[PDB]
Amino acid sequence: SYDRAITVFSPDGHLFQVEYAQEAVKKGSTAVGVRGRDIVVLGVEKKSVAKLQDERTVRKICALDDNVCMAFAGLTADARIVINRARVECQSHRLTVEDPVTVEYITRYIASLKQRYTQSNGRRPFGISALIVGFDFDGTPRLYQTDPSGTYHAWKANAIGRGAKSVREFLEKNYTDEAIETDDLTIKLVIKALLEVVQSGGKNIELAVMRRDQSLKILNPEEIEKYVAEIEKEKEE
Amino acid sequence: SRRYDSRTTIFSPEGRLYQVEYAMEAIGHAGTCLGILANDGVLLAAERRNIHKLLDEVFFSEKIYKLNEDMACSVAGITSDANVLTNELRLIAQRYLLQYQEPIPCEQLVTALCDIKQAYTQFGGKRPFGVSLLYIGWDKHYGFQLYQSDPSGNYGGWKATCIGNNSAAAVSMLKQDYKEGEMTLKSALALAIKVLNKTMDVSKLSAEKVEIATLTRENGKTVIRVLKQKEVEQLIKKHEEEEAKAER
Amino acid sequence: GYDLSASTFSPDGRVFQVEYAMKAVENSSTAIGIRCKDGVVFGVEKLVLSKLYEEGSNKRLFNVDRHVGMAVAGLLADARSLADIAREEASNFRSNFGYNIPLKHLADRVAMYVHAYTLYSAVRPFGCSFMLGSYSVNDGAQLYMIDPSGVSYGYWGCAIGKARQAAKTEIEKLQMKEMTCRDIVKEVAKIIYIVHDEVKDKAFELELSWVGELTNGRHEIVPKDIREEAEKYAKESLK
Amino acid sequence: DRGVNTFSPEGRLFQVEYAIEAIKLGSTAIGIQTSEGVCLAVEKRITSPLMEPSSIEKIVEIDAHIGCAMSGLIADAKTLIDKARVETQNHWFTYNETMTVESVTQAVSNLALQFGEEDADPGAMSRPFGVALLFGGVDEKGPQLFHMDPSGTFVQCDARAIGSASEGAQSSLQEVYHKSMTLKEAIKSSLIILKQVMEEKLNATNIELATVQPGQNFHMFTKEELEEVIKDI
Amino acid sequence: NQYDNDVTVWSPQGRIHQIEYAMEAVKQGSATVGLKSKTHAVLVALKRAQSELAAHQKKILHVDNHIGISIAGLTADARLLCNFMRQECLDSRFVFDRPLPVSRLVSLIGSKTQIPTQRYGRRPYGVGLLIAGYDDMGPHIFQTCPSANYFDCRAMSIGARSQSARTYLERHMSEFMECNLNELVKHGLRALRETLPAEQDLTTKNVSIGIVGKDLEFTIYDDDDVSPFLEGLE
Amino acid sequence: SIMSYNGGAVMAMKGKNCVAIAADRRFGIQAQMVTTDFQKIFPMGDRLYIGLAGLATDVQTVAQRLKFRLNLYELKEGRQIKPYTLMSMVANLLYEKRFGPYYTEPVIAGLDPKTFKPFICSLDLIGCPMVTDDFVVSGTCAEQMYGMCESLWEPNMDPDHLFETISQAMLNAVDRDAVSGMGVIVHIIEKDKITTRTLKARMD
Amino acid sequence: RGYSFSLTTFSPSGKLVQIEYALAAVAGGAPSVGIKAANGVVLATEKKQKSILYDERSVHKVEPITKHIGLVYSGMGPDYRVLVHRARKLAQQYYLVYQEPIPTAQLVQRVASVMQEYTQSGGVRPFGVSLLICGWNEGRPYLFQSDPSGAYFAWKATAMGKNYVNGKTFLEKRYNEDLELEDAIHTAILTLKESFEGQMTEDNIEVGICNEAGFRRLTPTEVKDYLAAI
Amino acid sequence: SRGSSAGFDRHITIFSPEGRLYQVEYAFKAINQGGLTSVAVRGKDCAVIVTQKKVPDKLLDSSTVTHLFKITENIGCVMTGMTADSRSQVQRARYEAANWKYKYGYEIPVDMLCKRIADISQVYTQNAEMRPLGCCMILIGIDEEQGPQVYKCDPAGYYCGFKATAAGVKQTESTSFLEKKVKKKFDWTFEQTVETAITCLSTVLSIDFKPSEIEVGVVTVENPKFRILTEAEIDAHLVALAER
Ligand SMILES: *[C@@H]1CC(=O)N(CC)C1=O
Ligand SMILES: *[C@@H]1CC(=O)N(CC)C1=O
Ligand SMILES: *[C@@H]1CC(=O)N(CC)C1=O
Ligand SMILES: [Cl-]
Ligand SMILES: [Cl-]
Ligand SMILES: [Cl-]
Ligand SMILES: [Cl-]
Ligand SMILES: [Cl-]
Ligand SMILES: [Cl-]
Ligand SMILES: [Cl-]
Ligand SMILES: [Cl-]
Ligand SMILES: [Cl-]
Ligand SMILES: [Cl-]
Ligand SMILES: [Cl-]
Ligand SMILES: [Cl-]
Ligand SMILES: [Cl-]
Ligand SMILES: [Cl-]
Ligand SMILES: [Cl-]
Ligand SMILES: [Cl-]
Ligand SMILES: [Cl-]
Ligand SMILES: [K+]
Ligand SMILES: [Mg+2]
Ligand SMILES: [Mg+2]
């Protein structure tokens, strides 16, 4: 079996394979999360359109368990491996603790998987970041982010993928008690955040929500463009 | 030994995987291969490269493989690599069948193989498989289906698609002629011949140079058939008659 | 470059890593062996690199079986490890076959071990050459020499290390076939004193061992009184 | 390109030296050992107001009597912290006593040079850890602070800083430290030093502080307890 | 150059640059001295402190009742080797119910440390040891090197500026065999003191002492416990 | 006895250009009937069937593992397996477990997929094959089954006579066995069709 | 302990150059020909047989795999012996399970699959040979080629080794579907004469045949007889 | 093409753009480093191996300087090329023959032993991590049906049976000499086998040997056990050659 050291230090303390994995994330489709008051929302860009594509087969938002889902940006094949490992683990946890995973537990698990692939022979790092959302047993809503290095943090709102810098800038200005007072405004805050960067807006922003105890709901293109008009005609005033 | 290891499973500075991309160049040169979904079935149509006069003709096809009762695939790229993969698809499909006593759903088969291709891009230090595949099938969850996979270990579902030589051109023609929700096996067959006619521009199309397989349902049972040469000539004839009509 | 791995031939069919390992033996000070009428005697010019070391530190003469001595030159950690291989081989031979390993067989076996380190990028060649000596009534006196390529031959007289050629020419002057071990130790000491470069390297200990009729086929250090007389004979002969 | 276990002509392992350079990319952390206990203080280094500050944990409990502050590549620290935790509980299991700070630090430090590509298991460590660690705690030797870096070298320190601004902070520590200093003085001193060396204006959400005292278990300071101490500083 | 990155690559001069580089790790360590009399073996070490507030690195380690070591080079390699030695000593007492002879332990070190000098992708040990012991053949001082070679010594010094310590030791070594313990340790300290910059002195903070002999199990002396030995340098 | 824990009986019989295979329908655990429609004969081809008696768990596992192997075979080769080749496949499967066998002793009945020539065989539990030109039997009433077959079977029977003979051999054999019966199913295999019948039969 | 990385990788233009270079070793090999008659198959090859000193009988290029299957090759001889050995072993493995001789197509598949492994697996180069494999089963003759990538093709007639391009056109303008085995042997030996250089004897060509009766090498006396007309 | 090279094709056993294995070619050059030549001939009654014996150093025990080896009682061999490689190959051959007898109950045929050693050598031409052995093995024995046999295998893993052959520095010249001599002979077959062998070697080297400068090994139909000639036996042949 192949034992080559793949991720190694360079002069000045860099881990080039990890940095390059981060470059792969930056060329992925934009993905955004906001933590509401009693809802959490994920939206993600595009990716290409293409009328001949079966939409269902290429979603970038994924259930891990009933109370936890995730979006990713970066190498879609890499993600699929991370997603399935996390799904297996949610069932191991439920087996041996008889509670659903906390969002932090599975986040911590994904992150340390990622970290392991930056420090094990024969492997390159995973080329993805993830936004992980759900609710804890006590109803507290959660939004976590992981990156190829295996670092993770909780966020009020965040973006990853191409144009994350400007989308994060927008969220810093627009994330207030007022923008998340209700469910519709939380959802719209995500759509505004994307609509900034999303090329032929929009059209192609896949979106999903999660409510306390309520499990994952994805919005259809009819239900999305309702919110698009309901924000577009508001920005004329 | 560090000196001789070409390091097939590492990132380049822009987050790229060169061997995957290079394998994608191999595929682009291989025989054109297209898939088309209809309401009453799914088809594969492929350019034959085994075309020298002295070849023997011994199997029922060159690039169409049966995977299990309800599915078939075609391939573009390195043939020997494609034999390893199609053998592994058949094994995966029987393992499921053994375990659950129902046929593997189409997407599940595709995903299982793609995870093997993915692994070869992330660890092991080997070259990836130089193959893209089109999968056709029926299952009881989503009916008629068409999938495409490539050496990155990535896949998607399609209503129509193409891999191999002149892919981009073939997809362009499909974008324009394909009717979402309204295609039949007979119209899809016609569109397939149209597309191969345009994309085999070296030179004049012939039944000995293509392979067509259809997957349909009859009496609650999947039927997978490689069209005989008579039917292929007949369809080419109808396409050539149809072009006579074009102007007046 | 064609000289980085023992698994790479050069365009002229050489294996330079084995040759470079030979150069490590050729940088070493000189050891000699002389087979004679009734046994084998070894001598080593043992350079003393600091006066802080004990007499006997960094021995280059080993017992590898009760009947077999080993004399080494080259990288010493490699030589010691080869002495352990030789010991193990002699031990396993006795356990499996029920008698003392014959010298030639021991030589050939250890030589095949040395040889195995000359084929692969995974390992490097041993930086040592060594002699093996024994005596018995049935087999007589035997002296073999093994180099880093794994080649093994038997000798009447032998020398390894940096004054190899000068030593051989002195050894050639002896009619060793008719001499006894008691006579030969004096001549071994004499030859080490001749080939020693007293300007370039300043201080050495003479190391002497033997195996013969007089030790009853056991490989032993030459007793101290006999060594000192041989030294004195050598020194005065240098005159 | 060369192998991960290659020495330089100066007699150092390239990979360990490079890992030591990665420590300098971390946020500053400070430890001080007094006769009344030890304090650990760390700069959080908040990069967006949208980030939850309490999800930056760079001070962690090892056991009730031992805390750990880290700087460098934080994801690398995870397996080290887990190993310290597991080791102190094994020790409790086997011996029915608490493990010394020195002993815990030693056990962790024995992982440091265990990397390489043709000795060990099918995918063992490919490189060293990009992390420095301060273990602060109380055992039968009294209060105690130990530093460890990626070479596996560890040592007791009366006061020590690690990370980006450690030169600087170490200088101020030489100036303020004395053997008979109180814990409360040590807490103020280290908040004063963090305040100097930090790019951001210090406040009660972009730092963490913990103590361990002969009387009392590992204690992370609350926002409120931090605000109290920040008043004078 | 093409010959200096792999322990398996002999240079055209018959050298192995990786082994030579590993030996630099010991030359750059802080100095230590080892010496013996008819009845005792002593180690004396200079401990370096990272800063003015750091303790000072352990340089002297217990191996068994009859054996201790002083180290120079990579501390993590020193511990791994020390743990190997400890284990070899425990095994010998378990099996034979008697102490492992010092020269036999040193042999086991040479054998163990030689192995990685010959396999691709391994590296030498980057540590040198001075080994003090007492057994049936009396007191000993051995030295071990990253080359896997070892030496039986009347006395020795390794580490930064140890040449000076070596020169002192040669100057006085004809006196060592008949010294009482205090005389012998004084000699060790004087040798070690020659390694220091002229400004600096031996103090209770920077000196560590190790002693074993006929009547005395390997004992380490640090901090206040070195003061008896340091007063008398007079 | 392990082989009698579930009870049951299968037989096969040869006729002119046709074959027959039959089985009882009981799934019981020692004295207790659990169900009366348990399948013991499984298709391996349009004109090729395998009947398995013995321990019910192994009846099912062998049928399934066999189908796995046969499906891969057919996909890889151009073609439908020949009867003789199925026998060899099964023998090889059973003999892999030589030292911890499956407790089943199958019978095979079919027509060659190109020549339509009749074939029957049986195997013991470790895979020794036995081909005959008349009949084979397997199960907890093998003696009863042999008595009926030896006395009724005749060469070159047409499909109708073959049906009546195998049916009478099964019914009357199982009616002398406590742990077989609760129904009989019979498959007649011809070139152009399969006829499947359940028989009026004792239910005690 | 073995190199674990592939020694064949994709070039920037999508080529596996080690395989192409293996094909260049095949192209420089001695010529081989195979012709499928209606009632059998013939394999013929040129011995690169210098010296009168060689004992021509001591090693064969035309080799039996089973009673009904045989092989020849162009390219590197020692690589071929590996594949002969594996092919034999694969044929017997099949026979133990199915108790029927391996069909020719199934044997080719399994051998071709071994050749594929050596284009991907760690620390090895591809085989520098192409095989021509003949057989008879289901009452019918087969002729296959297997190349260094592990790709295989069924031929009516072909040529490989030095001067194969010309040999193939020589057969193109000379093979018919209804042709007999004895005539095929004749045209196979002529195809070799097209590129021979040396004057042919029964000691420097090797011929094997395959039909209902099975696979075998022709004896030197049989070859001599076919050589009289040429 | 024509001496072209890409990548690591001169350092390890991968194909060059012409489809060559340079490392294998270099192993053949390694055979000549030793500076020796060996010759082997077969007739109806016997097979003979002759090689040079160079003892330049007087201090060598010349009884330990040989390139002739017994493999089994009935199979002998001469090795040419790198010495330690050769010894390794000899041990392998001894192991293969002994193993064959134990498993199959009859002696390994010479052809089969040669094929086995050639197949083992093949592996070194296809796997990258070890070099080929820089040596060449010639085997003699009697086969019960075919008579005396001479076989040779090389670092490429090629092998063949021969009427006569050679190895080392003067192989080509020996091959020339031997070819010229068999064409003359009726049924292309040697008859004075020991003399042809020594004469070949003497011509291609221009030496006229003393009996201590060659070694000679034989097997015969009447005496199939491998036998090495003494100095006196060789001398008789050298004298009988000198006198016509
Ligand atoms: C071995 C012998 C010696 O003097 N050194 C230098 C550091 C060693 O390590
Ligand atoms: C005939 C050929 C040969 O080798 N010998 C043995 C000496 C003969 O007599
Ligand atoms: C052995 C038999 C033969 O004819 N050849 C071709 C030169 C051999 O190598
Ligand atoms: Cl893992
Ligand atoms: Cl990002
Ligand atoms: Cl199926
Ligand atoms: Cl299925
Ligand atoms: Cl020498
Ligand atoms: Cl630091
Ligand atoms: Cl040090
Ligand atoms: Cl260190
Ligand atoms: Cl040294
Ligand atoms: Cl030093
Ligand atoms: Cl199975
Ligand atoms: Cl490797
Ligand atoms: Cl074979
Ligand atoms: Cl067969
Ligand atoms: Cl034959
Ligand atoms: Cl035997
Ligand atoms: Cl003659
Ligand atoms: K090789
Ligand atoms: Mg009944
Ligand atoms: Mg009843």
# chains A, B, ... in the order shown; residues from 1 in each chain; ligands from 1
$ residues_near_ligand --ligand "ligand 1" --cutoff "7 Å" --atoms "only C-alpha atoms and all ligand atoms" --output "list in words"
residues 23, 24, 26, 27, 128, 144, 145, 146, 147, 149, 150, 158 and 159 of chain E
$ residues_near_ligand --ligand "ligand 18" --cutoff "9 Å" --atoms "only C-alpha atoms and all ligand atoms" --output "VMD selection string"
chain G and resid 62 to 64 67 70 208 215 to 219
$ residues_around --residues "residue 2 in chain A" --least-positions-apart "2" --cutoff "7 Å" --atoms "only C-alpha atoms" --output "list in words"
residues 4 and 122 of chain A; 124 and 125 of chain B; 4 and 5 of chain G
$ residues_around --residues "range 128-140 of chain F" --least-positions-apart "6" --cutoff "6 Å" --atoms "only C-alpha atoms" --output "ChimeraX atom specification"
/F:7-14,53,121-122
$ write_last_selection --atoms "C-alpha atoms" --output "short mmCIF file (atom, residue, chain, number, x, y, z; two decimals), in the first residue's frame"
data_model
loop_
_atom_site.label_atom_id
_atom_site.label_comp_id
_atom_site.auth_asym_id
_atom_site.auth_seq_id
_atom_site.Cartn_x
_atom_site.Cartn_y
_atom_site.Cartn_z
CA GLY F 7 -38.59 -31.77 6.76
CA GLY F 8 -39.44 -31.78 3.10
CA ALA F 9 -39.02 -33.50 -0.20
CA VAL F 10 -38.05 -32.73 -3.76
CA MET F 11 -37.85 -34.94 -6.83
CA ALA F 12 -37.14 -34.68 -10.50
CA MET F 13 -37.98 -36.93 -13.38
CA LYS F 14 -37.11 -37.32 -17.03
CA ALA F 53 -34.60 -29.89 0.46
CA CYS F 121 -29.19 -34.72 -11.42
CA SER F 122 -28.80 -34.43 -7.69
#
$ residues_near_ligand --ligand "ligand 5" --cutoff "12 Å" --atoms "only C-alpha atoms and all ligand atoms" --output "number ranges by chain"
A: 19, 21-32, 72-74, 127-131, 145-148, 158-168
$ write_last_selection --atoms "N, CA, C and O atoms" --output "tab-separated table (two decimals), in the first residue's frame"
chain	number	residue	atom	x	y	z
A	19	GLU	N	-3.47	24.33	1.35
A	19	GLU	CA	-3.73	25.61	0.66
A	19	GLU	C	-4.35	25.35	-0.71
A	19	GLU	O	-5.32	26.00	-1.07
A	21	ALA	N	-6.03	22.67	-1.60
A	21	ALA	CA	-7.38	22.19	-1.38
A	21	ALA	C	-8.34	23.42	-1.21
A	21	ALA	O	-9.47	23.39	-1.68
A	22	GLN	N	-7.88	24.41	-0.45
A	22	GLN	CA	-8.62	25.68	-0.29
A	22	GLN	C	-8.85	26.42	-1.60
A	22	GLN	O	-9.90	27.05	-1.75
A	23	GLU	N	-7.91	26.33	-2.54
A	23	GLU	CA	-8.13	26.88	-3.88
A	23	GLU	C	-9.25	26.17	-4.60
A	23	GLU	O	-10.07	26.82	-5.27
A	24	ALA	N	-9.34	24.86	-4.42
A	24	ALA	CA	-10.43	24.08	-5.00
A	24	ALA	C	-11.80	24.51	-4.46
A	24	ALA	O	-12.79	24.49	-5.20
A	25	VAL	N	-11.86	24.85	-3.17
A	25	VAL	CA	-13.09	25.32	-2.53
A	25	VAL	C	-13.50	26.67	-3.12
A	25	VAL	O	-14.71	26.91	-3.36
A	26	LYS	N	-12.52	27.54	-3.37
A	26	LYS	CA	-12.81	28.88	-3.88
A	26	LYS	C	-13.33	28.91	-5.30
A	26	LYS	O	-14.04	29.84	-5.65
A	27	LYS	N	-13.08	27.88	-6.09
A	27	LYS	CA	-13.71	27.73	-7.41
A	27	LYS	C	-15.02	26.92	-7.40
A	27	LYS	O	-15.56	26.65	-8.45
A	28	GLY	N	-15.55	26.57	-6.24
A	28	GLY	CA	-16.86	25.93	-6.18
A	28	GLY	C	-17.95	26.99	-6.25
A	28	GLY	O	-17.66	28.17	-6.16
A	29	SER	N	-19.19	26.55	-6.42
A	29	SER	CA	-20.35	27.41	-6.37
A	29	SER	C	-20.50	28.00	-4.99
A	29	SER	O	-20.23	27.33	-4.00
A	30	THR	N	-20.99	29.23	-4.92
A	30	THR	CA	-21.20	29.92	-3.67
A	30	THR	C	-22.23	29.19	-2.85
A	30	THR	O	-23.19	28.68	-3.41
A	31	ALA	N	-22.03	29.14	-1.54
A	31	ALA	CA	-23.04	28.58	-0.64
A	31	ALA	C	-23.15	29.47	0.56
A	31	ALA	O	-22.14	29.99	1.01
A	32	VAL	N	-24.37	29.63	1.09
A	32	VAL	CA	-24.62	30.59	2.16
A	32	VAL	C	-25.49	29.97	3.21
A	32	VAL	O	-26.38	29.20	2.88
A	72	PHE	N	-22.06	22.15	0.83
A	72	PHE	CA	-20.64	22.24	0.63
A	72	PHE	C	-20.31	23.13	-0.56
A	72	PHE	O	-21.18	23.38	-1.38
A	73	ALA	N	-19.06	23.58	-0.64
A	73	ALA	CA	-18.46	24.09	-1.87
A	73	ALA	C	-17.09	23.39	-2.09
A	73	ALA	O	-16.33	23.18	-1.15
A	74	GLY	N	-16.82	23.04	-3.34
A	74	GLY	CA	-15.55	22.52	-3.79
A	74	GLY	C	-15.74	21.28	-4.66
A	74	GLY	O	-16.68	21.25	-5.46
A	127	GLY	N	-10.94	18.37	-0.81
A	127	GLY	CA	-11.13	19.72	-1.42
A	127	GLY	C	-12.54	20.33	-1.24
A	127	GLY	O	-13.17	20.69	-2.23
A	128	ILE	N	-13.01	20.43	0.00
A	128	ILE	CA	-14.31	20.99	0.30
A	128	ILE	C	-14.34	21.71	1.64
A	128	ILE	O	-13.56	21.42	2.53
A	129	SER	N	-15.24	22.68	1.71
A	129	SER	CA	-15.70	23.27	2.97
A	129	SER	C	-17.16	22.94	3.10
A	129	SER	O	-17.83	22.64	2.12
A	130	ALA	N	-17.67	22.99	4.32
A	130	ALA	CA	-19.07	22.64	4.54
A	130	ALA	C	-19.71	23.60	5.48
A	130	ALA	O	-19.08	24.08	6.42
A	131	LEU	N	-21.00	23.85	5.25
A	131	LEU	CA	-21.84	24.59	6.18
A	131	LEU	C	-22.83	23.59	6.73
A	131	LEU	O	-23.55	22.94	5.98
A	145	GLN	N	-19.20	25.88	10.29
A	145	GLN	CA	-18.45	25.73	9.06
A	145	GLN	C	-17.13	24.96	9.28
A	145	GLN	O	-16.47	25.16	10.31
A	146	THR	N	-16.81	24.07	8.34
A	146	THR	CA	-15.55	23.32	8.33
A	146	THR	C	-14.76	23.66	7.05
A	146	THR	O	-15.35	24.06	6.04
A	147	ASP	N	-13.44	23.56	7.10
A	147	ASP	CA	-12.65	23.71	5.86
A	147	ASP	C	-11.61	22.65	5.74
A	147	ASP	O	-11.41	21.89	6.69
A	148	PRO	N	-10.96	22.56	4.57
A	148	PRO	CA	-10.02	21.44	4.32
A	148	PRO	C	-9.02	21.18	5.40
A	148	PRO	O	-8.61	20.04	5.56
A	158	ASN	N	-22.75	32.91	7.22
A	158	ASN	CA	-21.51	32.77	6.51
A	158	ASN	C	-21.75	32.37	5.06
A	158	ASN	O	-22.86	31.99	4.68
A	159	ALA	N	-20.72	32.56	4.25
A	159	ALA	CA	-20.69	32.06	2.90
A	159	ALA	C	-19.33	31.34	2.67
A	159	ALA	O	-18.37	31.66	3.32
A	160	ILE	N	-19.31	30.39	1.74
A	160	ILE	CA	-18.10	29.70	1.24
A	160	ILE	C	-18.23	29.55	-0.28
A	160	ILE	O	-19.34	29.74	-0.81
A	161	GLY	N	-17.15	29.20	-0.97
A	161	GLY	CA	-17.17	29.10	-2.45
A	161	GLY	C	-16.77	30.41	-3.12
A	161	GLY	O	-16.33	31.37	-2.46
A	162	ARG	N	-16.93	30.46	-4.44
A	162	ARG	CA	-16.56	31.68	-5.19
A	162	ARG	C	-17.42	32.88	-4.78
A	162	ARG	O	-18.64	32.80	-4.66
A	163	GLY	N	-16.76	33.98	-4.50
A	163	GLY	CA	-17.47	35.19	-4.08
A	163	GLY	C	-17.90	35.19	-2.62
A	163	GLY	O	-18.64	36.07	-2.21
A	164	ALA	N	-17.43	34.21	-1.84
A	164	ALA	CA	-17.64	34.25	-0.40
A	164	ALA	C	-17.20	35.57	0.29
A	164	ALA	O	-17.85	35.98	1.28
A	165	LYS	N	-16.12	36.22	-0.21
A	165	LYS	CA	-15.59	37.46	0.41
A	165	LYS	C	-16.67	38.54	0.38
A	165	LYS	O	-16.99	39.11	1.42
A	166	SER	N	-17.22	38.81	-0.80
A	166	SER	CA	-18.25	39.84	-0.94
A	166	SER	C	-19.60	39.42	-0.29
A	166	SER	O	-20.26	40.27	0.34
A	167	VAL	N	-19.99	38.14	-0.42
A	167	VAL	CA	-21.22	37.67	0.24
A	167	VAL	C	-21.08	37.83	1.76
A	167	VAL	O	-22.01	38.31	2.41
A	168	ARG	N	-19.92	37.49	2.32
A	168	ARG	CA	-19.72	37.69	3.76
A	168	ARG	C	-19.79	39.17	4.15
A	168	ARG	O	-20.35	39.50	5.20
$ residues_near_ligand --ligand "ligand 17" --cutoff "12 Å" --atoms "only C-alpha atoms and all ligand atoms" --output "VMD selection string"
chain G and resid 64 to 70 87 to 104 107 135 to 137 214 to 215
$ residues_near_ligand --ligand "ligand 8" --cutoff "6 Å" --atoms "only C-alpha atoms and all ligand atoms" --output "list in words"
residues 25, 26, 160 and 161 of chain C
$ residues_near_ligand --ligand "ligand 21" --cutoff "6 Å" --atoms "only C-alpha atoms and all ligand atoms" --output "compact mmCIF listing (two decimals) with N, CA, C and O atoms, in the first residue's frame"
# COMPACT_ATOMS: atom_id res chain seq x y z
N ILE H 12 15.56 2.89 -14.32
CA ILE H 12 14.70 1.75 -13.94
C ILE H 12 14.17 1.07 -15.18
O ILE H 12 14.28 1.61 -16.29
N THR H 13 13.58 -0.09 -15.00
CA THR H 13 13.10 -0.93 -16.09
C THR H 13 11.70 -0.51 -16.59
O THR H 13 10.69 -1.25 -16.44
N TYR H 124 12.75 -9.30 -12.67
CA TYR H 124 13.61 -8.14 -12.49
C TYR H 124 13.63 -7.18 -13.67
O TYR H 124 14.03 -6.05 -13.52
N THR H 125 13.23 -7.64 -14.84
CA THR H 125 13.08 -6.77 -15.99
C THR H 125 11.73 -5.98 -16.02
O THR H 125 11.56 -5.09 -16.84
N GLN H 126 10.78 -6.35 -15.17
CA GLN H 126 9.40 -5.78 -15.19
C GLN H 126 9.03 -5.05 -13.92
O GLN H 126 8.18 -4.17 -13.98
N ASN H 127 9.66 -5.38 -12.80
CA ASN H 127 9.50 -4.69 -11.57
C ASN H 127 10.63 -3.69 -11.30
O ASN H 127 11.77 -4.09 -11.33
N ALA H 128 10.30 -2.47 -10.86
CA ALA H 128 11.23 -1.33 -10.87
C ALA H 128 12.21 -1.27 -9.73
O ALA H 128 13.29 -0.65 -9.89
N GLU H 129 11.90 -1.93 -8.62
CA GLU H 129 12.63 -1.70 -7.37
C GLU H 129 13.99 -2.46 -7.15
O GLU H 129 14.69 -2.20 -6.16
N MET H 130 14.29 -3.43 -8.00
CA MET H 130 15.53 -4.16 -7.94
C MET H 130 16.18 -4.15 -9.31
O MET H 130 15.49 -4.00 -10.27
N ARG H 131 17.50 -4.34 -9.38
CA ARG H 131 18.17 -4.49 -10.67
C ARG H 131 18.21 -5.93 -11.13
O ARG H 131 18.18 -6.84 -10.32
N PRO H 132 18.34 -6.17 -12.42
CA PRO H 132 18.74 -7.50 -12.86
C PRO H 132 20.09 -7.97 -12.29
O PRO H 132 20.91 -7.15 -11.86
$ residues_near_ligand --ligand "ligand 19" --cutoff "12 Å" --atoms "only C-alpha atoms and all ligand atoms" --output "PyMOL selection string"
chain H and resi 72+95-108
$ interface_residues --of "chain D" --to "chain G" --cutoff "12 Å" --atoms "only C-alpha atoms" --output "PyMOL selection string"
chain D and resi 118-119+122
$ select_by_dssp --residues "chain D" --states "alpha helix (DSSP H)" --output "ChimeraX atom specification"
/D:14-23,74-95,101-109,166-176,183-197,223-230
$ residues_near_ligand --ligand "ligand 10" --cutoff "9 Å" --atoms "only C-alpha atoms and all ligand atoms" --output "number ranges by chain"
E: 25-32, 46-48, 57, 59, 71-75, 127-128, 159-160
